[PDB]
Amino acid sequence: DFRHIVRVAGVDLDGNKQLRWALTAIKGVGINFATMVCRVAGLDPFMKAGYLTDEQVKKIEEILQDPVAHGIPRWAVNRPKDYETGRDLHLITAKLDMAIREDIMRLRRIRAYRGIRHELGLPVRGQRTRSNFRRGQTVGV
Amino acid sequence: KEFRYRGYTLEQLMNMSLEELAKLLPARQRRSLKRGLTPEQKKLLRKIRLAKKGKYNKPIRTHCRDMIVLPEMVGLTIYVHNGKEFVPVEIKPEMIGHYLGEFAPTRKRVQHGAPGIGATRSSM
RNA sequence: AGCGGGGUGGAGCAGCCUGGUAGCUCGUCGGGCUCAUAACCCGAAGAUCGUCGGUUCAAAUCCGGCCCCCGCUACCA
RNA sequence: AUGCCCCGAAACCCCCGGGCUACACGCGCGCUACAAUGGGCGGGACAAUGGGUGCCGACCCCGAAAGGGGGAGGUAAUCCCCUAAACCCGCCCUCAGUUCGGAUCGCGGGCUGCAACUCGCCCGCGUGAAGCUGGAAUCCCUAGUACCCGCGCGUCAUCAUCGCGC
Ligand SMILES: [Mg+2]
Ligand SMILES: [Mg+2]
Ligand SMILES: [Mg+2]
Ligand SMILES: [Mg+2]
Ligand SMILES: [Mg+2]
Ligand SMILES: [Mg+2]
């Protein structure tokens with residue numbers, strides 16, 4: 001019955017935690033989205049993650065594949081209105097990482113202001129830099 | 001490996017009303033287009049359309065840093081004022097939806113020297 | 001030329017003999033105290049031991065070959 | 001306000017675009033934390049000062065939110081801003097870089113304005129940095145005072161980690 005490790009979508013999940021909090025170990029899933037998918041799957045968010053059966057894990061992965069088609073609102077996904085396809089997508093793990101990398105690379109190819117700021121390792125959203133954001137060593141006079 | 005903006009090729013973007021295009025841009029661009037263009041932007045757009053038609057064989061120079069890049073402007077080279085001189089910008093398809101000023105930096109990159117007198121407590 | 005002695009932060013010395021943390025004082029950088037400087041207090045950087053090999057569970061410590069420095073003596077064109 | 005000296009077709013008067021917002025580094029004043037003398041979710045309590053016609057807007061409708069469409073009354077002891085938070089009750093978490101912390105960044109949606117890139121403020125999903133109580137030094141305070149908690153006005157088309165008050 002109880003399994004101390006349960007594998008979901010290529011990430012091992014602690015079997016002792018409540019399902020809603022066990023799910024957050026996946027990169028791209030926070031506490032709110034996890035509760036949404038637990039409710040959609042018809043599972044108690046307060047149950048232990050170790051009592052999941054194989055069919056339930058399969059169902060959870062199916063939901064995570066395409067949340068919108070299973071009733072999760074479009075204003076809840078982490079990449080609405082995709083830049084290439086125009087659809088509402090939710091990405092997790094490696095796909096999320098490479099999508100973000102591609103966005104920054106596109107900004108860099110056109111030599112936009114934010115791309116330059118990304119290259120130089122400086123603040124991008126308009127912060128002042130005379131006082132804070134100091135990471136280095138004191139220079140001598 | 002063509003270009004697509006929301007599932008549309010470049011040509012489909014070309015044959016679009018300004019209203020239909022405004023539904024694809026981010027919110028800031030949509031509000032800017034809905035509220036209308038300023039007179040300076042009107043003159044710049046007139047020059048751009050003339051240049052596309054085959055007339056106006058002269059470089060385009062403009063003080064309008066807040067103009068939004070539109071699909072019909074692709075392929076032209078524009079000289080945008082940065083405060084003291086006009087810099088060339090070559091418009092590429094992946095620039096749709098950005099302000100021109102984003103491609104003309106107004107400050108020079110900082111290379112620091114040696115701290116001078118009064119830079120520390122002990123130097124005063 | 002022969003004999004004897006020694007190489008460790010930027011400087012001068014411990015740590016050997018008894019193998020198993022590399023310390024002491026000055027010096028540089030930063031902050032404290034004072035109206036300001038010096039003195040004084042705090043914190044941090046800085047050598048992996050002159051090189052190479054042997055020995056040992058393990059070497060700056062024991063051993064040997066080289067590089068450099070110092071001292072003593074023989075040495076009359 | 002004003003003497004003297006200067007510029008007096010520019011050192012006067014307008015318009016456009018930049019800057020005062022740059023960033024190896026030293027310093028002042030603060031805010032948020034390093035968790036149980038707590039974090040989250042549902043429910044229950046009790047203010048005062050001030051302000052409003054270029055404005056305050058109840059009440060109805062639409063939207064997940066930020067917001068959108070109509071709009072009574074008010075030149076005000078009459079109408080409106082305006083049913084504060086710390087506090088109390090129930091459930092989850094049990095000393096862990098965590099259900100502590102929320103910096104940084106991606107995508108999307110809004111408002112003000114002639115204009116939001118340089119360089120504004122707000123909302124949703126995602127992301128999840130340093131920090132585990134602080135050396136030598138040093139500041140404020142004697143009663144409805146200090147600590148802790150929110151609110152109003154000034155500035156103001158939009159914007160409060162500030163100032164003056166409650
Ligand atoms: Mg002194
Ligand atoms: Mg200034
Ligand atoms: Mg939290
Ligand atoms: Mg901006
Ligand atoms: Mg702790
Ligand atoms: Mg001020």
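The sequence lines fix the lettering, A, B, ..., with proteins before strands; numbering per chain opens at 1. Any value given below was found using the heavy atoms of this structure, including those in side chains, with hydrogens, waters and symmetry copies removed.
- Around CD of A/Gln65, the count of heavy atoms belonging to other residues, nucleotides or ligands within 6.0 Å does not exceed 12.
- Within the 4.0 angstrom heavy-atom criterion, only backbone atoms of the sugar-phosphate kind lie near A/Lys27; the bases stay farther away.
- Spacing between atom CD of A/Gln137 and atom P of C/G46 amounts to 12 Å, rounded to whole angstrom units.
- In this structure, B/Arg107 reaches the D/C20 phosphate: one of its side-chain N or O atoms is under 4.0 Å from OP1 or OP2.
- Nucleotides D/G126 and D/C105 satisfy the base-pair criterion: a Watson-Crick or G-U wobble arrangement whose two donor-acceptor distances both fall under 3.5 Å.
- Nucleic acid contact class of B/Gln111 (heavy atoms, under 4.0 Å, all strands): none.
- Here D/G71 is not matched with D/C91 as a Watson-Crick or G-U wobble partner, both contacts being required under 3.5 Å.
- The phosphate of D/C93 (OP1 or OP2) has no side-chain N or O of A/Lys17 nearer than 4.0 angstrom.
- Heavy atoms of A/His118 sit under 4.0 angstrom from primed sugar atoms or phosphate atoms, though from no base atom.
- Contact annotation: side chain of B/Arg28 to base of D/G113, donor-acceptor pair present below 3.5 Å.
- Remark: the bases of D/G26 and D/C153 do not meet in a Watson-Crick or G-U wobble pair with both edge contacts under 3.5 Å.
- Using a 4.0 Å heavy-atom cutoff across all strands shown, B/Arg121 reaches sugar-phosphate atoms only and no base atom.
- Contact annotation: A/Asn32 side-chain N/O to D/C125 OP1/OP2 distance is under 4.0 Å.
- Using the Watson-Crick or G-U wobble rule with both distances under 3.5 Å, D/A146 pairs with nothing in any strand shown.
- Under the 3.5 Å cutoff applied to both distances, D/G165 and D/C151 qualify as a Watson-Crick or G-U wobble pair.
- Regarding contacts with the backbone of D/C117, every side-chain N or O of B/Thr106 stays at 4.0 angstrom or more from both OP1 and OP2.
- Classification of the B/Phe86-B/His81 ring pair by plane angle, with boundaries at 30° and 60°, yields tilted.
- B/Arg6 comes within 4.0 angstrom of sugar-phosphate atoms only, judged by non-hydrogen atoms across all strands, and of no base.
- Ring geometry, B/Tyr5 versus B/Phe3: the interplanar angle falls under 30°, so the pair is classed parallel (tilted spans 30 to 60°).
- In this structure, B/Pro115 reaches the bases: a heavy-atom distance under 4.0 Å links it to at least one base atom across the strands shown.
- Between D/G134 and D/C34, a Watson-Crick or G-U wobble pair is formed, both defining distances falling under 3.5 Å.
- Here B/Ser32 reaches the OP1 or OP2 of D/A116: one of its side-chain N or O atoms lies under 4.0 Å away.
- With ring centers used as reference points, A/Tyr113 lies 6.0 Å or more from B/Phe103.
- Within 4.0 Å (heavy atoms only), B/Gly113 reaches at least one base atom of the nucleic acid.
- In terms of polar N and O atoms assigned as donor or acceptor, the side chain of B/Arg30 never comes within less than 3.5 Å of the base of D/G110 in a complementary pairing.
- The phosphate of D/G26 (OP1 or OP2) has a side-chain N or O of A/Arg134 nearer than 4.0 angstrom.
- The phosphate of D/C107 has OP1 or OP2 within less than 4.0 Å of a side-chain N or O from A/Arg114.
- Geometry at D/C164 and D/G152 meets the Watson-Crick or G-U wobble definition, both required distances lying under 3.5 Å.
- Between B/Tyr99 and D/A116, a side-chain N or O to OP1/OP2 separation shorter than 4.0 Å is present.
- A/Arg135 comes within 4.0 angstrom of the backbone, heavy atoms only, and of no base.
- Taking side-chain N and O atoms only, A/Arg125 has a distance below 4.0 Å to OP1 or OP2 of D/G106.
- In this structure, B/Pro105 reaches neither bases nor backbone, as no heavy-atom distance under 4.0 Å exists between it and the strands shown.
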